[PDB]
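Just the one chain here, laid out as structure tokens, in the form deposited in one PDB entry.
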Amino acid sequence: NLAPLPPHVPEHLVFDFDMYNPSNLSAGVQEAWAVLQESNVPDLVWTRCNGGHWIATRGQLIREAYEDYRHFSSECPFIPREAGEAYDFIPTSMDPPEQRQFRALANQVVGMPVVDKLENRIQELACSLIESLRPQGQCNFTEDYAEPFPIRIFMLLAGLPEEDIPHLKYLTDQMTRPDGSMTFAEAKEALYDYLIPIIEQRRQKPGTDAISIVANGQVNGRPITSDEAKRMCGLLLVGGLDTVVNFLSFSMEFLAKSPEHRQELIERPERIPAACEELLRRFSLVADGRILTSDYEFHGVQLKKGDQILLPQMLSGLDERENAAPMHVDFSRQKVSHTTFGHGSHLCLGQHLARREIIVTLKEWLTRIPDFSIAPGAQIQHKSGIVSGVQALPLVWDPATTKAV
């Protein structure tokens, strides 16, 4: 279903891309989005799908719009508009200058120094998960490794009890994998209902966990409100889940399908940090955006106040103008350019945690289970949206080729 073309949008810019069900999906989600980068497609296009919105298709424009928060606001950062409007997480629904100090506070609980303290739990968790699967000679990687992993790391950061995991997973899945039974707003409130009491408790009796630190923080000259803390904690919980789960799945799918790339990292483990970066570029997966604060001419195109613009983080590193031969995976690639973690004032705060999660996973998997394949006759299904992903990833291996610890 195609929204009526707004009068200000010229015919020549119309390309009806559907970000939730793109045409070429069965052939790979990144490939399906890359159709926007074929030579007959303008740098900035309008789709009439999903309510109607702009799409910047090239890294240059994606980066530029992410820098220009004055014109391109995060107040409504998702398509469809109804989701974007309901969304009130902090700092992702806020613009500078206000956003700056909330971002500083979030950085205390997920930034660099915290990463080093977590490293042992990250490595322990990775090992225990992998050892549980290793002698079975099969798993659904997405379900059996990827899903349990980041939620467990978050519980440790946030000092939440282990027994809360299935309920919290239920709540977060309800929000980020909607089936249409709840509005976005309803799902968000259900999540908030879990967080509200905990915030109340930790403002009275704080600990040193992430929730206590956020909930008792100072921002922009005063103490954080209970409401603001709730909106921050919502993001800190969800930000690291689907992104990491789906990114690990894209990476493991590629490695199962490429024995030569596996063998490379097996023979040359020092290359894993570089491989992580090239995989972040090739299997980039996020696509959010902004709303126009005013009428604005951007690269020769008239944009109208309140227009939504999708600025897909995924596309920058797939752009052949940024990386030559963009679909080819090359662990030796020289200037790996991407915006996988975003760009501008909202550049992912979790990027350092995410890289450790990725690198630890790859290192520990390849040393215990070096040889593995997609289950024969399985066709891997991708999903597309704000966080694109893998529906299931059935892998098999001969346990005789594996290394117990």
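Residues carry their position along the shown sequence, with the first being 1. C-alpha atoms forming the largest set that superposes within 1.5 Å between two forms make up the rigid core.
Set 90-98 against 203-211 and average the Cα temperature factors; 203-211 ends up higher. The mean Cα B-factor in the deposited entry runs higher for 80-88 than for the other of 277-285 and 80-88. Based on the entry's C-alpha B-factors, the most elevated value among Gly306, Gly240, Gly137, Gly221 belongs to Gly221. Between the residues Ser316, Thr183, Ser73, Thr142, the entry's highest C-alpha temperature factor is the one at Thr183. In the PDB entry, a CA B factor belonging to the highest third of its chain's modelled residues is recorded for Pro376. Annotation for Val9: C-alpha temperature factor in the middle third relative to the rest of the modelled chain, per the entry. In this PDB entry, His328 carries a Cα temperature factor that places it within the highest third of its chain's modelled residues. Per the deposited record, the Cα B-factor of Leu362 falls in the lowest third when ranked against the other modelled residues of its chain.
Per-chain ranking of the deposited C-alpha B factor places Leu168 in the middle third.
The next section is about a form of this same protein that is not shown, the form deposited in another entry.
Looking at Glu143, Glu131, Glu186, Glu264 after a core superposition between this form and the one not shown, you find that only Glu186 has a C-alpha shift of 2 Å or more. A displacement of 2 angstroms or greater separates the C-alpha positions of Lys205 between this form and the one not shown, with the rigid core held in common.
After superposing the rigid core, the C-alpha of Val114 moves by less than 2 Å between this form and the one not shown. In this overlay on the rigid core, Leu195 has a C-alpha that sits 2 Å or more away from its partner position between this form and the one not shown.
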